[PDB]
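Here you get one chain, nothing else, as structure tokens; it is the form deposited without ligand CAM.
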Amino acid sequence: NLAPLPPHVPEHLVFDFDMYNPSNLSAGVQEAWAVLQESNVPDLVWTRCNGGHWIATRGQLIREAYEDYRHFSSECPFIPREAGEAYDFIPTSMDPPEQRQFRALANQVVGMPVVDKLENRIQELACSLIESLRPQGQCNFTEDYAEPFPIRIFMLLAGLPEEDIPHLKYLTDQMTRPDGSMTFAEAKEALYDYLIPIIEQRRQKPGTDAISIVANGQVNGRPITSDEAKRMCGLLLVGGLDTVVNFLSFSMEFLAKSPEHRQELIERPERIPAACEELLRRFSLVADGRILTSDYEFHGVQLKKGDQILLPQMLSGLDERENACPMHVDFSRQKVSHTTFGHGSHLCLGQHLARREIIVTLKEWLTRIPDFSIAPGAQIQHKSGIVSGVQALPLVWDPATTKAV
């Protein structure tokens, strides 16, 4: 359904793009969003879909908006408006200056230092899961590796039982790619229903897990409140269950279709870290936004207080003005430009954990299964939303070409 066009929006800027079900989705989700960068499309357009909102389509505008938090606020960062209004995670729903004090605490539980505490476990789990699949000559990558690898690592860090994964994963997905059975607000309340008692129990009897550290932490010298701890832990759950999980499938799908790129990383393994960055650019998948704090003229367009604007962190990397031959994957790309981990004061705090999970996967998978392909007659389907993903990824290979080491 298309919402009525607001009085200040001119017709020539209307482009009815649906972020939850794009028209050209069959060609690939990244390709689907790239239609917003064709020759006849303005830098900033308005879509009547999902309640009506603006969409920045070029890296220059996306970076400018993320830097100017005075005009573009994180208080209501999700579309539709109902979801953005209910959204209250910390630090993501706050603007500086209040936002800043919470970043240090989050860094304590998912930052670089922590990646060092789980180094061995991450390595062990990756090798373990891959060796188990190797002799099978086939797998359903999404459920056999993409989900269990990053998710089990997060549950370990948070001190939560793996048997709770099905419930938590379902709730997290309703906040990014809703199936219609739950609103954002209902999904968020169910997540908080889960966390509330756990936070109280760990504030009474502290442990060394991520939830215990957040719940008993301090914010710029003063005790964190139960409510603040809940709002921060909810965000961590989403990041642990619906970020790397999706990205890994986009990357493996590409490697399955490009033997040449697989051979490159096999012959020259020192290029894996660079390959990670290039894949993060080409298969970017996050797209959230901001809300206007007042009337404001932006790049010749009149914006009104209350208007929502989607800043596809995904679009910066595919912008031909930022990267030549954007759809082409080149591991030797000199200057890989992108905003896959955000831009400005809210730069991703989990990027170190994410990069380690991606690099370990690339190295340990190609070491054991260098040659693989998409299953016979399979047509890979993608899904779009706040975070985009892959519905299923059936893979096959000849065990005779594999290595058990």
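Position 1 is the first residue in the sequence shown; the rest follow in order.
Form deposited with ligand CAM bound: not shown, discussed below.
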query: Option from 129-137, 293-301, 200-208, 85-93 whose residues, in the entry with it bound, bring a heavy atom within 4.5 Å of ligand CAM; finding: 85-93
query: Ligand CAM contact at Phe141 in the entry with it bound, heavy atom, 4.5 Å; finding: no
query: Interface membership of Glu228, ligand CAM in the entry with it bound, 4.5 Å heavy atom rule; finding: no
query: Partner contact for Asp288 in the entry with it bound: ligand CAM, 4.5 angstroms, heavy atom; finding: yes
query: is_contact(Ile165, ligand CAM) in the entry with it bound, heavy atom dist at most 4.5 Å; finding: no
query: Heavy atom distance at most 4.5 Å to ligand CAM in the entry with it bound, all of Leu235, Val238 and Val387; finding: yes
